[PDB]
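By convention in this document, chain letters (A, B, ...) are assigned in the order of the sequence lines, proteins followed by strands, and residues within each chain are numbered from 1. These values consider heavy atoms only, across backbone and side chains, with no hydrogens, waters or symmetry-generated copies.
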Amino acid sequence: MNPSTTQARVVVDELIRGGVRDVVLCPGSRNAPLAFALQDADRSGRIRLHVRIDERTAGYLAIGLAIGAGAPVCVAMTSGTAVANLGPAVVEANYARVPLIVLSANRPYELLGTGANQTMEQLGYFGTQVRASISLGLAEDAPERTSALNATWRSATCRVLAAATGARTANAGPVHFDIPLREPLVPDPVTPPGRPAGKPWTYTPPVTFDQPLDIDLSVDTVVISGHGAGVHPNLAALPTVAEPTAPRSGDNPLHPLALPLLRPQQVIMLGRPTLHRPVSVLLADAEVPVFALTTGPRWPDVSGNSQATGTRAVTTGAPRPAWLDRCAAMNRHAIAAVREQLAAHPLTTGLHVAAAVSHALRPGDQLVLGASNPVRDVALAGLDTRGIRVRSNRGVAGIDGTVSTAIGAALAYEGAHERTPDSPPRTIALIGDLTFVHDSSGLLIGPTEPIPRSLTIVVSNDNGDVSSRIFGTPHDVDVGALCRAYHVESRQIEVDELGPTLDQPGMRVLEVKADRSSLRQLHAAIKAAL
Amino acid sequence: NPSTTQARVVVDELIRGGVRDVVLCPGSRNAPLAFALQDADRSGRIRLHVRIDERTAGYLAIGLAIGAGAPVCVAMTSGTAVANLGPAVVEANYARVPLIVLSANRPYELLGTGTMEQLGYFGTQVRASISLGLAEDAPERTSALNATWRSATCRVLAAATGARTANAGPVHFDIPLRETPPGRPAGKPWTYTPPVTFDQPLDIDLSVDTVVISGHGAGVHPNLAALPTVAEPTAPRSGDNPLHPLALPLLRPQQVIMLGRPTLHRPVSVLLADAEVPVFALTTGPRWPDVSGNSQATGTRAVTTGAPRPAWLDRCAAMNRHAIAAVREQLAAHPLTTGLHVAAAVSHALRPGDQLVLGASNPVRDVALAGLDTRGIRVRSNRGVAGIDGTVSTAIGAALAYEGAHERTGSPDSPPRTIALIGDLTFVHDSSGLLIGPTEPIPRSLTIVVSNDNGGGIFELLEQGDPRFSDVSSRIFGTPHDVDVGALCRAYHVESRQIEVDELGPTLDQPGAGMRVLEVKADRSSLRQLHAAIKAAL
Amino acid sequence: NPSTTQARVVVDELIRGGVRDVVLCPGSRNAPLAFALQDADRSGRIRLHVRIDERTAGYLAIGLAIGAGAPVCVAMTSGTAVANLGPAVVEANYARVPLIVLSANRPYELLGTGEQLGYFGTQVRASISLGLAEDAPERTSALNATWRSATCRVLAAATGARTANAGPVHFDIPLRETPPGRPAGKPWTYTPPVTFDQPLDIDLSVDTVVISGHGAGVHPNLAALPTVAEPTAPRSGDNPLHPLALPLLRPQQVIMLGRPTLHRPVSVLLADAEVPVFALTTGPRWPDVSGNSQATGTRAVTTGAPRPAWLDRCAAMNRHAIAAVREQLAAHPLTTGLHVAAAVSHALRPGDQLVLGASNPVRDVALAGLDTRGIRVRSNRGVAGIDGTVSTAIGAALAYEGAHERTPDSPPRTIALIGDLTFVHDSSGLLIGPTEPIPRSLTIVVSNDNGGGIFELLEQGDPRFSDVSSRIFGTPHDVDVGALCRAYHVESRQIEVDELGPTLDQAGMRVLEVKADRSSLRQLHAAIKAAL
Ligand SMILES: Cc1ncc(C[n+]2c([C-](O)CCC(=O)O)sc(CCOP(=O)(O)OP(=O)(O)O)c2C)c(N)n1
Ligand SMILES: Cc1ncc(C[n+]2c([C-](O)CCC(=O)O)sc(CCOP(=O)(O)OP(=O)(O)O)c2C)c(N)n1
Ligand SMILES: O=C(O)c1cc(O)c2ccccc2c1O
Ligand SMILES: O=C(O)c1cc(O)c2ccccc2c1O
Ligand SMILES: O=C(O)CCC(=O)C(=O)O
Ligand SMILES: [Cl-]
Ligand SMILES: [Mg+2]
Ligand SMILES: [Mg+2]
């Protein structure tokens with residue numbers, strides 16, 4: 001067995017032993033040792049392989065596969081710009097804390113500078129965005145040292161996995177794992193074994209990261225939970241303004257529109273609040289003390305008056321019953337204003353589409369939102385997220401790869417369900433037309449590749465500085481033709497067919513035509529009803 | 001406002017420096033120098049191109065720079081911009097393209113607490129990173145600040161065009177911001193850089209049986225024009241004695257003159273690696289390539305003694321004829337249409353004055369296998385890193401700049417044609433480069449020929465294309481996708497037609513929309529057999 | 001001036017964050033926070049230390065941090081400062097030292113037209129810039145809050161307050177050429193104590209040996225196990241295992257604490273594919289020799305008990321090893337570095353701080369079987385450089401003294417043991433102006449064998465390299481150590497090895513030089529191996 005083949009199979013085996021169940025693969029000659037090894041691991045059921053053409057959107061497919069089931073996901077590609085194309089997904093994975101392993105092939109470092117074709121400054125390309133950039137090193141031709149090389153290769157692989165999952169740091173994130181490979185790259189015309197019982201070479205258990213923080217709940221308190229927030233049972237009774245991706249620890253919801261009309265004496269901040277301007281405006285009021293509770297070492301700088309950080313609260317006291325009544329009444333008032341104006345508005349807007357999707361969902365659903373207006377609109381409509389997994393690329397809230405993220409979240413979620421009978425759970429994506437068109441090529445799944453069992457992509461189509469001149473005109477891109485180009489079933493429907501159509505039992509796109517013209521008066525009328 | 005003066009001063013100097021096109025994207029915040037650029041665009045002093053896709057925008061800038069050799073600016077607006085600009089910036093570094101990346105950092109705002117998202121590649125790819133510094137409000141010091149700003153902008157331009165280094169490439173230019181003073185007379189740049197020559201003569205004796213291999217970035221060498229030359233399509237041809245790359249292993253050169261950076265043909269890299277063959281590397285810039293460390297000397301031009309043997313010149317010319325005949329005759333006998341057939345058809349239908357944009361993978365090779373005579377043609381390809389990413393926007397930008405050059409010549413004549421030949425994978429990779437708003441510049445004579453064999457044909461020709469891998473190679477190297485290319489063009493309102501290879505020539509001979517896609521369905525399951533028959537007919 | 005307000009706020013918050021010492025050098029431009037730092041030093045709120053040599057100033061800051069565990073700042077002022085601070089910053093990263101590097105970039109000036117290197121990207125826990133101070137008194141409260149939280153962020157990353165991985169941080173406060181903090185002196189953003197918990201199941205009935213290196217944690221439930229401890233490694237119990245006993249025993253499993261760097265037998269054991277090695281660390285990083293770590297955690301969950309036979313054999317081989325070193329030392333006719341180390345170990349009392357140079361000194365102190373219980377031991381094991389050790393000793397003594405005097409009695413002793421090459425490397429650290437703080441009970445003991453003794457013990461020390469190894473590895477210098485201490489007005493004395501104990505029992509800063517021999521070092525160590 002030649003060295004490139006041997007090294008690639010040890011690495012793939014250790015990655016599977018480390019809990020990698022899905023791998024995204026992109027084509028190239030230099031990464032042939034990785035592709036062959038990943039191929040026959042897929043053939044023997046060890047992993048699910050996903051081949052894509054476009055490295056950039058492929059990274060967001062890997063992200064989707066990671067957030068959909070919570071497991072580390074590798075994306076493998078060849079040397080050169082194929083590695084650079086992972087930049088966008090790496091930036092998002094860094095801020096969203098996603099265990100994304102960029103498993104790049106390379107030519108031997110000894111050829112960098114020689115002018116060799118398709119060779120670049122690959123190691124360190126991502127700089128500070130990854131948790132680590134680890135090079136495996138060139139596989140030596142030395143049979144007598146096969147047991148030594150097997151130990152170093154496997155140990156390096158667990159380092160990559162641990163950095164990516166935050167096994168010891170509590171801060172998952174992208175890792176660059178660069179594999180210099182040289183010919184022969186294809187199997188020549190047994191692989192060094194790992195630990196017994198399928199154990200990882202270096203076992204590191206998930207650490208428990210604890211920083212208790214004393215907080216008095218008697219002071220009038222509002223909880224604001226953003227992306228990456230944890231669950232806090234002792235904060236469940238408090239009024240909570242929760243982003244759609246934040247897990248609702250309790251059942252005392254507070255609409256984001258209600259918060260500006262309330263006067264909290266202190267704020268408990270869960271995770272990283274990324275979305276609401278009213279949230280930011282209260283946090284930028286330096287005079288209300290903010291307590292930062294996070295699941296990892298990072299904590300948000302959004303308030304300048306963050307008195308303290310921690311992982312959990314040690315609560316004394318109890319919220320004033322009058323305070324709870326007031327906020328609860330303001331929450332119902334805010335959500336009544338939204339629903340009544342929506343019903344009085346004559347035209348279907350993106351908020352109507354968003355409200356319609358939120359009503360269609362049921363516990364067990366997975367909802368994927370494009371990171372601009374859809375996550376805002378769903379939040380405005382007052383989506384009750386208890387019992388449903390909401391996913392969104394809120395690390396940088398970029399537009400790239402949204403379709404691919406939804407396809408990946410569906411696949412990992414469904415596959416988690418077929419490791420337990422009943423019909424696979426529903427994944428419903430809500431993305432706007434510009435984002436859909438922008439990552440429309442993320443729809444492309446090869447005829448030989450896994451197709452989501454139950455993904456429905458709802459496109460809320462409202463047909464849309466001198467750089468902003470390109471929004472001065474509707475693009476008028478034919479959504480149906482786009483889905484035809486990537487052979488995906490599509491149907492243009494109306495907002496009240498949405499509920500029934502979603503209840504109609506593989507992967508499909510439902511396009512709902514929406515008006516953007518009157519959106520200002522819809523929102524103005526909602527501000528007035530408060 | 002000091003910042004607003006500063007932007008007009010910089011933009012004026014960028015225009016005086018030869019920048020004719022700037023590419024912007026919508027983003028988190030305002031573009032660097034956006035209002036100054038808008039003023040210049042409205043005045044016709046500069047042409048702006050807006051895209052939503054930051055990755056395709058970077059390669060659009062590549063095309064706008066290589067189509068006519070001008071420095072090109074790209075304006076960053078976002079927190080994914082650096083990431084999306086990465087691939088094109090690396091290509092600009094390796095292909096020596098004058099790409100100016102503009103930023104507007106905010107020195108009054110916090111940093112490191114969570115807009116610039118630095119990666120690691122800027123410190124390895126750019127010729128320079130220059131920051132103007134915040135614009136002081138000091139009306140008294142106006143003449144001095146003007147001089148400082150225009151001097152720095154000239155320094156940015158010189159780094160990008162290689163004015164003093166002969167190594168063009170990407171430059172990071174930052175104009176900081178907190179949220180017109182004249183230049184030189186007669187539109188001359190503030191700091192002038194006259195022609196520079198780097199001269200490294202090498203003594204080479206041409207009586208030794210010599211072959212010339214010219215790759216990307218190769219210079220023109222009149223004293224090597226007689227020698228047998230194995231030229232890449234982007235290599236400018238000095239002379240008259242083409243040597244087909246497939247005739248190379250049927251000859252025994254005693255010495256090789258290497259021009260520029262070759263990246264094509266395994267027989268080229270074998271011969272370049274042959275310890276017994278002296279290899280002389282002639283480049284136009286400070287870098288020089290090697291295969292296996294087998295380069296004996298490196299220079300910029302040759303000082304030649306002697307002449308090649310007649311029998312050696314005849315023998316190469318005969319083997320050249322055999323290779324071309326094997327290709328034409330085996331192609332004719334082949335039952336299915338392949339990408340090599342499409343490339344042969346495109347080559348025949350090319351006229352002088354045309355610009356040819358070649359995608360990576362098989363198209364740039366197949367065009368060489370078809371014996372295309374590139375003289376009179378301007379051939380572009382991203383040989384820098386040989387990506388299949390960004391090729392649609394490279395062809396579009398190259399056609400815009402090449403047509404802009406021609407419209408600027410004042411000639412009352414239809415603009416020259418830009419013909420692109422790319423694979424199906426390459427097309428899908430940069431499909432979103434086809435989305436151009438009506439507000440933006442669109443080519444007037446761009447045709448993109450898409451050779452569609454529903455996957456990556458080049459791998460049928462590699463070791464993983466051997467029949468012993470038939471079971472597994474289809475999925476992980478072939479990567480079929482079944483994309484309806486016609487519908488994809490339909491979606492972006494791009495004229496397209498699906499034709500057979502024999503109709504390709506006449507279709508190219510008749511004009512249509514300014515931007516159009518010609519799709520030729522092709523087969524790759526017989527590609528390995530076809531190439532096998534060519535070698536056996538050699 | 002908004003910038004002056006900014007600098008004062010930052011210094012005030014750095015004070016509340018436990019920074020008691022700041023190190024400065026004079027430079028082309030004026031130092032960052034220089035005026036605010038001056039007022040703090042005049043008020044006794046902080047203590048300034050000024051040096052000319054920027055490289056020794058970096059290691060002085062390292063010493064001021066490891067001496068009492070406090071965050072220390074260094075004030076960059078020049079175009080050579082980043083280059084000169086490089087060594088210290090790399091050491092601060094690997095040894096996990098809370099070092100804050102202050103910078104003051106000028107955003108109104110051109111950059112890139114004619115002083116960074118490549119190491120800041122790979123070494124620092126964080127790089128944070130404050131941004132220019134806006135002239136807006138309307139928002140004075142909001143700016144005060146923003147500046148103070150950032151400083152807390154810088155302090156948090158430097159001390160490992162949330163990562164459990166202290167290290168160097170780059171803190172930039174730009175400028176162009178006092179609002180209150182929290183009540184009761186509390187930090188603006190308070191980070192309570194953090195635990196990272198990674199329990200490992202360890203069966204102690206299996207013949208187990210403990211190897212503790214730099215940064216090792218304390219483990220009560222492992223106190224009884226035979227423990228091969230490094231000098232800087234805190235001791236959990238009282239069952240020491242000499243490093244020389246290890247190659248004669250056959251442990252069935254190894255518990256590895258912190259980061260070992262010493263002893264070739266330790267590496268062979270940890271690299272043994274048939275011995276499971278469990279790595280217990282206090283931070284996220286973990287070490288491996290030849291990729292032979294079975295698991296990593298922060299603490300052990302123990303089942304079973306070591307076999308009495310196994311304990312007794314290890315303890316027996318400990319006495320065999322230690323007695324063999326002591327006996328071969330007394331039989332040796334010449335004073336060597338090992339002799340000087342043993343003399344120093346015998347002279348140490350609880351409450352002392354012992355600072356150890358690299359090369360033989362830090363190895364010899366273990367071979368001499370120093371009992372480190374009750375003694376703080378410092379060595380720059382992060383990169384094991386022989387650079388900067390004098391100012392590392394000085395800064396550790398200043399900080400250790402400072403901590404004791406914020407409690408009566410005479411300040412505790414700080415005793416340093418360094419080879420001659422180490423001493424000459426950082427000789428400029430002895431240059432201290434009469435305006436600067438000077439330690440009160442610091443004794444630097446230079447074991448001078450006129451070259452690198454450690455290279456006598458390696459492959460290049462074989463007699464077949466007699467002809468060539470003396471120049472390229474021995475590197476003798478013939479330096480007059482006494483004249484060098486005289487030049488800097490440092491108290492010096494050249495004494496024999498049996499004067500060491502008494503002389504250390506008697507000036508605030510003094511050097512004791514003990515002339516030593518490396519000509520016979522290889523034969524001496526051979527005699528110990530022989531008698532083992
Ligand atoms: C972004 C990116 N990602 C992956 C690669 C690797 N790659 C190539 C390479 O081998 C190119 C080598 C050369 O010198 O041209 S060539 C290739 C297949 C391209 O298929 P295609 O566009 O349909 O062309 P075809 O006619 O099928 O050869 C792939 C996937 C790449 N070059 N760029
Ligand atoms: C700045 C620098 N430059 C070179 C080295 C290499 N080096 C060392 C090494 O071998 C280090 C080994 C260890 O783990 O301590 S040890 C060493 C000799 C030190 O001589 P010394 O101070 O007189 O010690 P001695 O007691 O004579 O062994 C040298 C030259 C270094 N460590 N740092
Ligand atoms: O809590 C989280 O998950 C989280 C994640 C992040 O990526 C952050 C980035 C900067 C600042 C705070 C962050 C944060 O609190
Ligand atoms: O000749 C050229 O244009 C050229 C361009 C490059 O990007 C090179 C990179 C490495 C080594 C040689 C190179 C080279 O010779
Ligand atoms: O596919 C090819 O032939 C070129 C790609 C290459 O050289 C590589 O393996 O990196
Ligand atoms: Cl021959
Ligand atoms: Mg193809
Ligand atoms: Mg010595």
Side-chain angles (χ1 to χ4, degrees), chain A residues 25 27 29 32 35-36 39-40 51 53-56 80-82 84-85 87-88 90-91 114-115 117-118 120-121 124-129 185-186 189 300-301 396 398-400 434 437-438 441 444 446-448 465-473 475-478 481-482 484-487, chain B residues 24-26 30-31 34 37-38 48 50 52-53 55 77 79-80 83-84 86-87 90-91 110 113-114 117-121 124 261 263 287 289-290 385-387 389 425 428-429 431-432 435 437-440 456 462-464 468 472 475-477 479-484 487-488 490-492:
Chain A
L25 170 65
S29 176
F36 276 114
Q39 160 79 47
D40 75 73
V51 168
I53 299 311
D54 191 321
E55 285 82 3
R56 174 181 60 180
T81 61
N85 271 269
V90 158
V91 177
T114 59
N117 179 61
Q118 198 172 292
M120 76 179 201
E121 289 78 358
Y125 174 97
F126 303 106
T128 207
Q129 299 290 320
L185 303 165
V186 299
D301 64 302
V396 299
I399 196 192
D400 309 291
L434 270 194
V437 169
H438 171 75
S441 83
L444 180 55
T448 61
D465 203 80
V466 70
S467 148
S468 94
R469 83 178 179 198
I470 199 162
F471 311 135
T473 300
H475 55 95
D476 281 294
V477 169
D478 193 338
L482 274 186
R484 164 77 199 189
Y486 303 114
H487 39 83
Chain B
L24 309 75
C25 297
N30 275 131
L37 285 169
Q38 194 205 81
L48 293 169
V50 188
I52 286 179
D53 190 322
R55 169 181 76 179
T77 42
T80 44
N84 269 314
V90 169
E91 170 67 34
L110 255 53
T113 82
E117 285 297 346
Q118 263 302 81
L119 272 66
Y121 73 80
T124 67
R261 174 171 180 248
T263 40
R287 286 181 290 193
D290 79 72
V385 201
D389 52 320
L425 258 52
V428 171
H429 211 291
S431 79
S432 68
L435 171 63
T439 39
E440 309 304 321
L462 289 171
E463 273 275 293
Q464 53 270 42
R468 71 203 183 84
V472 291
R475 177 174 176 194
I476 58 179
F477 303 109
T479 74
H481 48 78
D482 299 342
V483 161
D484 182 345
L488 188 56
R490 178 160 85 249
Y492 299 112

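Panel note: side chain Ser432(B), backbone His438(A); no donor-acceptor pair is recorded below 3.5 Å.
In terms of non-hydrogen atom pairs under 4.5 Å with chain B, the most contact-rich of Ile399(A), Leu434(A), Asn85(A), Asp476(A) is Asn85(A). Heavy-atom pairs under 4.5 Å with chain A were tallied for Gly387(B), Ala34(B), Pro480(B), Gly456(B); the largest tally goes to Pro480(B). Here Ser29(A) is the residue among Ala32(A), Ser468(A), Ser29(A), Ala82(A) with the most heavy-atom pairs under 4.5 Å with chain B. Ranked by heavy-atom pairs under 4.5 Å with chain B, the first of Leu25(A), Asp400(A), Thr128(A) is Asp400(A). Looking only at heavy-atom pairs under 4.5 Å with chain B, the residue among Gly87(A), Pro300(A), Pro447(A), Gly127(A) that has the most is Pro447(A). Comparing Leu185(A), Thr81(A), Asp478(A) by how many heavy-atom pairs each has under 4.5 Å with chain B, the most go to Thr81(A).
Within 6.0 Å of CD on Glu463(B) lie no more than 12 heavy atoms contributed by other residues, nucleotides or ligands.
Rounded to the nearest 0.5 Å, atoms OG1 (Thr473(A)) and CD (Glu440(B)) are 9.5 Å apart. Between the CZ atom in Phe471(A) and the CD1 atom in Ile52(B) there is a gap of 4.5 Å [rounded to 0.5 Å]. Here the CD1 atom belonging to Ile470(A) is positioned 12.0 Å from the CG atom belonging to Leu48(B), to the nearest 0.5 angstrom.
Within the 4.5 angstrom heavy-atom criterion, atoms from both the backbone and the side chain of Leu482(A) approach chain B. Residue contact with chain B, scored on non-hydrogen atoms closer than 4.5 Å, involves the backbone and the side chain of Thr114(A) alike. Proximity to chain A (any heavy atom under 4.5 Å) is restricted, for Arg261(B), to the side chain, taken from C-beta onward. For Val437(A), the parts lying under 4.5 angstrom from a heavy atom of chain B are both the backbone and the side chain. Looking at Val91(A), the atoms closer than 4.5 Å to chain B (heavy atoms on both sides) all sit in the side chain, from C-beta outward.
Within the 4.5 Å cutoff, the side chain of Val483(B) has heavy atoms near those of the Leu444(A) side chain.
Shortest non-hydrogen contact noted between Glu55(A) and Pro27(A) is OE2-O, 4.4 Å.
Not a single ring pair (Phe, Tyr, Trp, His ring centres under 6.0 Å) links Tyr486(A) to another residue, sequence neighbours left out.
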